[PDB]
Amino acid sequence: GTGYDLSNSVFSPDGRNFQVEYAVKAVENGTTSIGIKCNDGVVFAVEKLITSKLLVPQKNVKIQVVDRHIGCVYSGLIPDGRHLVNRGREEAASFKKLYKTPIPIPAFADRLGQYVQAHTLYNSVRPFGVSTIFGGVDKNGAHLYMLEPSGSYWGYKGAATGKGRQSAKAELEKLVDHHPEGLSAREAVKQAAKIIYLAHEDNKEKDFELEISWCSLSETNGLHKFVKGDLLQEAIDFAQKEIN
Amino acid sequence: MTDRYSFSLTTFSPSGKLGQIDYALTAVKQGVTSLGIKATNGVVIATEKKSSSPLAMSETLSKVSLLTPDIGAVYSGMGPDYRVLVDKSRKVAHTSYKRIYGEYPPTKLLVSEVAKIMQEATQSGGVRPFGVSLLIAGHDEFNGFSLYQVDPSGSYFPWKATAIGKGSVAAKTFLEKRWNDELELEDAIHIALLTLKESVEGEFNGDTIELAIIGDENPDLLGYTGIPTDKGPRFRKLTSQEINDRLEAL
Amino acid sequence: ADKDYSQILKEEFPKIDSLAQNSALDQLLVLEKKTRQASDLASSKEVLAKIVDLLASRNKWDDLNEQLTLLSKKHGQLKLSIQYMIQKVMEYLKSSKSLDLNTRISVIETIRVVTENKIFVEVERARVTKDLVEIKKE
Amino acid sequence: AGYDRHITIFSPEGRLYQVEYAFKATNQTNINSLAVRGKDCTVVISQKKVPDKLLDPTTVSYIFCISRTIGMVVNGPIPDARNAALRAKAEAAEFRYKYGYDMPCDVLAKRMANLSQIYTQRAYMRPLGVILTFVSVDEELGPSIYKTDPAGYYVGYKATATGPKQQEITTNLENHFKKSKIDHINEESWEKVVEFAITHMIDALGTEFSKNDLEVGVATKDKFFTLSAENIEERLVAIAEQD
Amino acid sequence: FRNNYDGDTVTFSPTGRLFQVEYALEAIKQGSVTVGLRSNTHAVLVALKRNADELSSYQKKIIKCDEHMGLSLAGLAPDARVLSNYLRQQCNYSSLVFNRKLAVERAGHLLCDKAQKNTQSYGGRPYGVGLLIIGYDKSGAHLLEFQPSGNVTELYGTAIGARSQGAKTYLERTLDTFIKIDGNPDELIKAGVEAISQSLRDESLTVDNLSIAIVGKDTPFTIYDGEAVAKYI
Amino acid sequence: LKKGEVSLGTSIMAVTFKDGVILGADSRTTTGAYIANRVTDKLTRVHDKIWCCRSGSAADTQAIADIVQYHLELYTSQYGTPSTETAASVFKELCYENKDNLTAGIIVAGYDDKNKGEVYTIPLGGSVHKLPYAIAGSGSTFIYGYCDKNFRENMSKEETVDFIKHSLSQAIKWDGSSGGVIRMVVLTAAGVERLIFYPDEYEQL
């Protein structure tokens, strides 16, 4: 039959939730956004779509932090992620409350997906319209994950969500091969800005702003902070030259 | 979220019938044929142990389970459907009888309970009935040995002897042929061996076959000594050997 | 594959170091490690053939047999690589004969690829098949 | 009505299609895997498939270490995978906490077995499309293999494989076991047991495996565990020595 | 079809879309037009009060949740009233709990995921109103817009409901003018007055129809209606 | 320590030292004057390399142990070995919460590789503190001056032992409730080492 598509928790004859798949529709429908596990840390980058003059630039900021060491970014319903962001922002302090320690990214991870996985478990519990690039420096080094409304994330030496991923997918996979060594966050900072523009080129049609952040065990000192100002402008100019 | 299905998941057919129930008996009748015989000297129930794989260790599952030391039962249906019931079934007995009465219920009430259960599984919202029916071997003092068949309908009732599952009919047929009031258990056992072998298409031996009896109280199984009043369980599962033994008694 | 060439070329002398003087491993260890079962730079089968032939010419075609016997076992660069040398080896075992026919006779079912089938190179492994048969005949 | 497939309710046949479809989701991951009780040990091998570079491949396992003693392999989606282990994780310490000694493997199985049967019976509850095999070397039962299904059905195994090609290794081991005639692989070094397995996994899968190819784990007395790629490589090396 | 995919906010389109949202999104433009803008100094609301009849009163689209914070609406008032009240709590709450003014920023954060819950949760529905929200704070005057999609944005200016584009285009056209009109609410206002005139279509703004609000630096959220709108008319 | 549960008494003490931490306490469990179990093992494994000295109600602590251990276990079953600190964090809650139901002073001592041994006090106050070394229990009183003077940091493995043993014996000597035998447990990179000392030994030190 059909209708398997309709209700979340339903296993279609193939054993599949098409809603989740439909969620993925909304997911890829998300603005292209990337993240980079770099040497000490991870770096998060996303195009900020400028729809108008009236948009106050730099105000609306897609990447959100959990604790101070966990940066997160997602393509999908901005309410979804934020909803889950706080949902995450909970668990850390929660964890950190019980365990006195800020939560390990991986620890922090599985929490989320299970929660997300809940959003699979019932036909009504509409999964989240977001897949989310997230991670940061934790007790051991950085980590970078990107989580599916399925409840699938994994370790990602780089990750990209949104439309322009494929522009990025190479770009990351490039720097994978360009830098199987590793990369300074700042170069990841630089590289990403390109990649995003490149990722943006999928979306190239309209003006956009660029949100980039990062967790550098070096620079943020095991924290997540935003790529900002000159090094931001650098990476831009870096990128905006390399886009040419 | 949660369950928003609170409504009876089986409903009166235009004929008043309850389809899922009537569908349950399907899968119930589907069950690997399981038999039971209430003999004079005791009760024995039997069924073939169905291995889905030789790698799979058949013994590691038991289609018959003791409930009270004098009570055990068999099913025909989904092993899982068989699984949880016993737990409750055993549990409720302690709770709803023993822990009250400090002793093991008359099989009837013990039976009566799980019957009630499945009715709930029948009528409750968000639930389906179980995919098993239950041939129930029990002995209590005043009611002696007892043989009870219970459905996912919870419909239950005594037997002199019986069988359920896939080939139950011709077995029961053969049983009805075979049965008398006076059947001795080993007879009935042998009878079941006869009976079950009939419904046994696959390998027929102790390792393939599950036989349990309500025998005498089994002080060997008392597991302790120095209490005269406690003479052990009446329920007994026979060995693959004792089967394979009595399979030569064929 | 620069080192695959270079380290070979490095081993070239390094073999010729103890070849002219084993360095059988000098040649080997390079591709032995590098290609192993898992290519690093991989190499040319030559780099492995280089080994084999620097083995071959230098060593006993007796030992080379047993050598390649094991080299076969890890990987080679491929089910092919060595067994081309192994093929010319048979000419060179026949560049040997008697016992080096018997050494060849050794090489026969050491791995089939001389008289028989592991590799598909029957155009060769058939030869030694008959070629030994031709002797087996004799 | 036809919802009977959409939901868990007895089909006209008394059948549960979501279940039957959950069975689809089981190999939907398309990972073949095995569980072999060694003599001393129990060993579990599985396909580690690393489709992407961007992956951190290390992160990829369906074999999960449940307890001190107990691990489990999952056959099914990693969300549902990651779930049941969690679910399993509780019971152990729980059981242990409650019962003062660690949970026996099958208990978890029987436990986890109960779980789907619920969802099986619990319509809004969906059962999970993962097939799970629990293994340990049980203080009582020694080497142990317990596989469970989306249906809450489960059993002990002299050994098992699972995956799309399960039947093949199934035959293989069934062949080898009907051959070997003993429930367990008789080897004192689980290494050999592993090496035996990786053989017979390579064997029946007709598939040579790199160390990145294999999800490999070993249930040993008091400790279930797994191997790095190097023990795997050691095996790959070791197994390359028998052949 | 959609009745398959639209009916449930829990249920994506095959394209992964929630038509109820899109539906709620429809009631938006269905709503009366209203306008808002901010300077860095002040943040101004300009509303079109629609009535039922002349006999009836004129529906007010502007809300005060707070001195530093008040908002305007288009689409379903009942939702916002809650939300506003709900919000009113928050500034209160904050200034209760923390003696801290709710960040107009932090405000927008709230309703979003709050709205998000309306979305992902079956049996329910989104709110039927998108919001224009002016606020002034330690970070200054902030005009924020909300979407029953949950999505919020700070704009220098904006308008919603019906045909807000005319103002909007003009406003987006007007952009740097008002944002630089600073300490001059009036022209901040009259910009909107012109703005709303842009998206004025049916008739002109009136004493009854025009509604106006401003929060600003030292301008608390302050609503202007009738004679208060009369001079700006 | 409710009426009818047994009284441990003695004195529990633990010292992080050059190789790690060692736990120690007496074996004496008294009921008023009557020692219920003189041989009791009062040192306790919440975790392999993370451990505890239990004072206050055993029934408190005894349960308390199972609790945190259960969690750490599960936590480890999830996230692996928590820090020795992380375990006490779990305790701290319990204490800092159920304190009004709780009589437990606890020395949380555990060996981390990175941080070597880690001493953590949790008095009944639900407060938590890391120390170079800890002493608690009855006779801890008498020996504070002793330990304080006679303690040193990165004392060798044995230096820890007998100084502790003396510390304990003093307490054991001095205290009535402190006695039975000295059980010590060494937590190092090496691992857990339980020790025992008989009165005929440590009585005389």
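A, B, C, D, E and F are the chain letters, set down in written order, and residue numbers restart from 1 in every chain.
Convention: a contact is a pair of C-beta atoms (placed from the backbone, for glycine too) under 8 Å apart; a residue touches a chain by one contact, two chains touch by 3 or more.
Just so we're on the same page, UniProt names per chain: A = Probable proteasome subunit alpha type-7; B = Proteasome subunit alpha type-2; D = Proteasome subunit alpha type-1; E = Proteasome subunit alpha type-6; F = Proteasome subunit beta type-1.
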Shortest path length from chain B to chain C (each step joins two touching chains): 2
Going only between touching chains, how few steps reach chain E from chain C? 3
Middle chain, criterion being Cα centroid separation: D
Chain separated most widely from chain E, comparing mean CA positions: C
Any chance you could check whether A-E or B-E wins on number of contacting C-beta pairs? A-E
Relative to chain F, which chain has the most distant C-alpha mean position? C
CA centre of chain A versus CA centre of chain D: separation in Å? 32
What is the distance, in whole Å, between the centres of chain D and chain E, each centre taken as the mean of its C-alpha atoms? 56
Cα centroid separation between chain D and chain F, in whole Å? 41
Distance between the centres, which are taken as Cα means, of chain D and chain C, whole angstrom: 43
Going by the touch rule set out above, which residues of chain D reach two or more other chains? 86, 124-125
Which residues belonging to chain E are in contact with no fewer than two other chains? 121-123
Interchain contacts (touch definition) - all pairs: A-B, A-D, A-E, A-F, B-D, B-E, C-D, D-F
Taking the complex as given, what residues does chain E use to touch chain A? 4-5, 8-17, 105, 109, 112-113, 115-117, 119-123, 149-158, 168, 171-172, 175
Show which residues of chain A lie in contact with chain F when the two form their complex. 98-101, 104, 106-107, 110
Counting only contacts in the complex, chain A reaches chain E at residues 3, 5-8, 18-19, 22-27, 29, 52-56, 59-60, 77-80, 82-83, 86, 119, 122-129
Across the complex, what residues on chain D touch chain A? 2-3, 5-7, 17-18, 21-26, 28, 53-56, 58-60, 77-80, 82-83, 86, 124-126, 129
Touching residues on chain A, where the partner in the complex is chain B: 122, 124-125
